[PDB]
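Quick setup: one chain, the form deposited in one PDB entry, written in structure tokens, and binding and motion questions come after.
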């Protein structure tokens, strides 16, 4: 076994939900507070991975794009791996891209990391 011929085990993380449904996402953060983040994994030709956070008593959805060994939800900050992308905006507010959304990754969708 070698590092290459694969990617990062994002599933190992507590905030990762592989094979998630749209209806499930809503019911997931339907009771949660304004500070619940979770990343889904749906088989799509355009958007590989997707994000769903809760804030202002609402469940928002972000789009993630990956190409040429790069990843970025928007054209504000580019990254090489999904980790660098989520790890960067987890400590700093994402208001830079979402003027309306100024919240960072606080609590997961399982309990409390």
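Positions refer to the first chain, counted from 1.
One more form of this protein exists, namely the form deposited with a partner chain bound; it is left out here, but the text below deals with it.
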Legend entry - All of 54, 106 and 110 with a heavy atom within 4.5 Å of its partner chain in the entry with it bound: no
Inset, instruction - Check each of 62, 86, 71, 29 and return the one that places a heavy atom within 4.5 angstroms of its partner chain in the entry with it bound. - result: 62
Inset, instruction - Consider residue 100 of the chain shown here, and say whether it contacts its partner chain in the entry with it bound, taking contact as heavy atoms within 4.5 Å. - result: yes
Legend entry - 4.5 angstroms heavy atom contact with its partner chain in the entry with it bound for residue 42: yes
Inset, instruction - Look up in the entry with it bound whether residue 82 has a non-hydrogen atom within 4.5 angstroms of its partner chain, and give yes or no. - result: no
